[PDB]
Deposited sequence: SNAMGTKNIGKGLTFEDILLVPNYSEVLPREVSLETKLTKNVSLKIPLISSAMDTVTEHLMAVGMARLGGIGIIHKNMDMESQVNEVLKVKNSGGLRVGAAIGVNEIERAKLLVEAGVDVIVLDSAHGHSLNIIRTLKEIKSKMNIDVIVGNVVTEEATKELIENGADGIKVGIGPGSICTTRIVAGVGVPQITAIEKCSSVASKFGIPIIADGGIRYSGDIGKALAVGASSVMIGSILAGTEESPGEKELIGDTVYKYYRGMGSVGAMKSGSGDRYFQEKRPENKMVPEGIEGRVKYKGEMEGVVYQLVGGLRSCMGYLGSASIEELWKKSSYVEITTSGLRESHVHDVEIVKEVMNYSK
């Protein structure tokens, strides 16, 4: 009854994947995927380009486990290049790096330093400035470019037309995100993946599902509705390999975790669109990633899918509504 009402948006919590006939065990499924149309991964996990999540140590950790880390850009170009070189000089290991609009010089140095992918990011990926930066990169240098963040078919189509090698989806869903309350803007993440994958898959362009992952189950849901990989922040921020500081709040140890659109991140008249928060310290990332990969394998076993491509073809979900004390 609303003219401007385009429908009901679903987030991860709104749905559950329905089991299929299965002939494959969790241990047997292949988790190989495409990061961009020219770069592959062994597992579909990416660490977020945030200054409390990913520098060289996190990037090295991610790559060793078959994923990839995106070096954040909240540092001068020289330091970012050096972080990339740190990962690259640690054996033949893939690594990514973030840039912002009009940062062509930063992009050039990164590419020279041997980065495998450039992540061109903005709060609003479907914009004139972003597209102009994209076209400039593709014409000046030889590199795969992931562009984001977008949530619509139209955005996805236009970015692909201008040379996007990967599409990053997510406005609204981040754990430290306040765009939804500051600007009133967003799209629930399942719906956003569905819309963007509906265009991108037609062109063989990978969708990165960015933000809102809380449990391993969410990874399965994101991939099932069309994503090729997921980008993760808060979960990895609590690990020993994250660059964030530590603080003892009362009894337990916490790691700092802040949005790149927070007051503190922007200092490194403002209208912040992210908070500065704390997450519980969780130790080594390897144990953390193992559980995440373990959960996804279990999911794909339930859906009888031996690969992500198969999962796209076989998956379906149900909408759900939203006395034992756990030890």
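If you line the structure up with the deposited chain, the stretches without a C-alpha atom are 1 to 3, 272 to 285, 340 to 348, 354 to 361.
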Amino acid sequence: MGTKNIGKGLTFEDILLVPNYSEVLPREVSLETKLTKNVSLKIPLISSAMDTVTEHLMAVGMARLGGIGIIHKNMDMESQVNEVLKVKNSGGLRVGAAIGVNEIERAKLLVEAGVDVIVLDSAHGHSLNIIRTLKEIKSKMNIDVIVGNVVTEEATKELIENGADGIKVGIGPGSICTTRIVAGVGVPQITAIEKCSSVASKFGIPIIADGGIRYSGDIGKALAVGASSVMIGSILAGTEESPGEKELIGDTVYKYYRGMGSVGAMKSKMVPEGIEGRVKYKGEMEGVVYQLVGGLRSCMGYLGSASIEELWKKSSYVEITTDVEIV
From here on, numbers count along this sequence of modelled residues.
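Per the compared records, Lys135 is resolved in all of the other entries whose models span it, so no third of them omit it. For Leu31, the fraction of other compared entries lacking coordinates, among those that model flanking residues, is zero, nowhere near a third. Stretch comparison (218 to 226 versus 110 to 118) by mean CA B-factor in the PDB entry places 110 to 118 on top.
Mean CA temperature factor is higher for 74 to 82 when stretches 74 to 82 and 205 to 213 are set side by side in the entry. As recorded in the entry, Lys88 carries the highest CA temperature factor of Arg180, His124, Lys88, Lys168.
Among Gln189, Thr156, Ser234, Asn142, the highest C-alpha B-factor recorded in the PDB entry belongs to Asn142. Among the modelled residues of its chain, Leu31 has a C-alpha B-factor that falls in the middle third, as given in the PDB entry. Among all modelled residues in its chain, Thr54 ranks in the lowest third by Cα B-factor. When all modelled residues of the chain are sorted by CA temperature factor, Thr152 is found within the lowest third. When the modelled residues of the chain are ordered by C-alpha B-factor, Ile104 sits in the highest third. Among the modelled residues of its chain, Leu292 has a C-alpha B-factor that falls in the lowest third according to the deposited record.
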